[PDB]
Ligand SMILES: *CC(=O)NCCCC1CCN(C(=O)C2(Nc3ccc(Cl)cc3)CCOCC2)CC1
Ligand SMILES: *CC(=O)NCCCC1CCN(C(=O)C2(Nc3ccc(Cl)cc3)CCOCC2)CC1
Ligand SMILES: [Mg+2]
Ligand SMILES: [Mg+2]
Ligand SMILES: [Mg+2]
Ligand SMILES: [Mg+2]
Ligand SMILES: [Mg+2]
Ligand SMILES: [Mg+2]
């Protein structure tokens, strides 16, 4: 790897600089380099890794959706034939997106997940696995689409099982996992009732535990609870 | 070039798609491919080329300024030594910026400018030459800084001379050139009085010619006149 | 699109 | 920063 000659600490320092400069591709490359050193990640380092790739793939997803919409419009009745260019460019963006997802999944599989023994770390990594299979599923149209969807489901479910046993209902990682798995149900698995039920139960169980929290923890938990509420409002 | 196998028309089509998807690096690569076909550009194609590279280099400049500010703060009294990483990463971004500028300047020199005979095209390309030498000058700190500044000045001056002889004072290309050359004076050449005088005379001469214009041309000209006014307000 | 984190 | 186009 091009980052093999750089110190782990320098890669982390530069990831933080890249974040400040909104250079998320660089941030992701630095964090990949840091993961490939082979040492486990701290909480802060997990956050850096996730922020970097979320921002890179988020931009790719937004671009893919623009192109896919243009392509769909081209295939309607009355639309003039404009040749293969829209499909080609949508495929180009799609292939790059898939590459990023495969890169993240590769880091998780070699070897972040297997070395993660604490509940927070294991849940966080399994959530990420679900997320990146979900992004693959968004663009899947072939023989493997069912298996990609099931890979996302399985990762989210394992994370959910750990989270419920090991973390309080207000824990931000538990909350974020539930938020994202609920979106998986609604958008990917064609299970809107499951999505709504999960968001509602997660919200309600968190509400009942807020009394245990400091002011700072309350702020963290309630921010994600509001995201659950926002989705419920969109869906009901 | 990786775009050598793609049709010119397809490159232009894909540049427009990339713009819609806010994929400016791709947009720039497509337009570079189109220029390298060797045919002159249309007005619309010149706009695509300029938009693509403006957006790519604009993002690099913003990132460079963030990093340069962090670096400057690191070199103040009382700041803790944090090692070579800030300088290294600022240099990385700087080198990439310089590369983009060199790419644009290369397209202009081989062979856009020499084949441009109409005033609008020649002025537009010479303005771009001034702009990309100006971006090089922003980051220059060495033996060649004076020569880089003079390269920008010379390109802008040639454009100005053509624009005044060949175009009305409301022409958007003439106006945009004057806006940018005025910023060159203020920010690069340490000549704020020249910057102010140029912006003011350009504004006033345009105002006196608005009566000749259609509603649509009036809208185009007055938008850039307002930018001149905005700069004058900042500077006085 | 719905919120995710 | 000042406006440029
Ligand atoms: C100790 C450990 O493993 N930490 C990993 C990072 C977890 C933190 C938790 C707080 N947090 C957030 O609340 C926001 N983002 C996310 C929340 C939950 C998950 Cl699973 C992922 C991201 C911060 C940004 O706004 C949304 C909430 C950051 C990550
Ligand atoms: C015929 C020809 O050579 N055309 C090249 C493209 C010129 C157009 C003019 C209109 N225009 C603008 O007004 C805006 N941008 C620029 C203006 C002037 C220059 Cl020299 C460059 C760009 C549009 C975006 O907002 C700012 C004004 C687009 C370019
Ligand atoms: Mg070491
Ligand atoms: Mg495909
Ligand atoms: Mg359940
Ligand atoms: Mg051809
Ligand atoms: Mg340098
Ligand atoms: Mg003069």
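One is the number of the first residue shown, and numbering goes on along the chain from there.
Method reported for this entry: X-ray crystallography, 1.4 Å.
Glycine too: its Cβ is placed from the backbone N, Cα and C atoms.
Straight from the PDB entry, the features:
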- A:1-5: expression tag (SEQADV)
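Annotated features in Swiss-Prot:
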- A:10: phosphoserine (MOD_RES)
- A:79: phosphoserine (MOD_RES)
- A:61: site 'Interaction with phosphoserine on interacting protein' (SITE)
- A:134: site 'Interaction with phosphoserine on interacting protein' (SITE)
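Features per Swiss-Prot, on structure.
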residue: A:10; record: phosphoserine; CB count, 10 Å: 18
residue: A:61; record: site 'Interaction with phosphoserine on interacting protein'; CB count, 10 Å: 16
residue: A:79; record: phosphoserine; CB count, 10 Å: 10
residue: A:134; record: site 'Interaction with phosphoserine on interacting protein'; CB count, 10 Å: 25
(Q) Roughly how many Å lie between the Cα atoms of residue A:79 (phosphoserine) and residue A:61 (site 'Interaction with phosphoserine on interacting protein'), rounded to a whole value? (A) 25
Q. Given residue A:134 (site 'Interaction with phosphoserine on interacting protein') and residue A:61 (site 'Interaction with phosphoserine on interacting protein'), what distance in Å do their CA atoms have, once rounded to a whole number?
A. 11
Q) Rounded to a whole number, how many Å is the Cα of residue A:61 (site 'Interaction with phosphoserine on interacting protein') away from the Cα of residue A:10 (phosphoserine)? A) 30
**Q.** DSSP three-state assignment for residue A:79 (phosphoserine)
**A.** coil
Q) Within the expression tag (A:1-5), how many residues are helix, strand or coil going by DSSP? A) 0 helix, 0 strand, 5 coil
Q | Interface-adjacent recorded positions, chosen from A:10, A:61, A:79, A:134 when a CB lies under 8 A of chain B | A | A:10
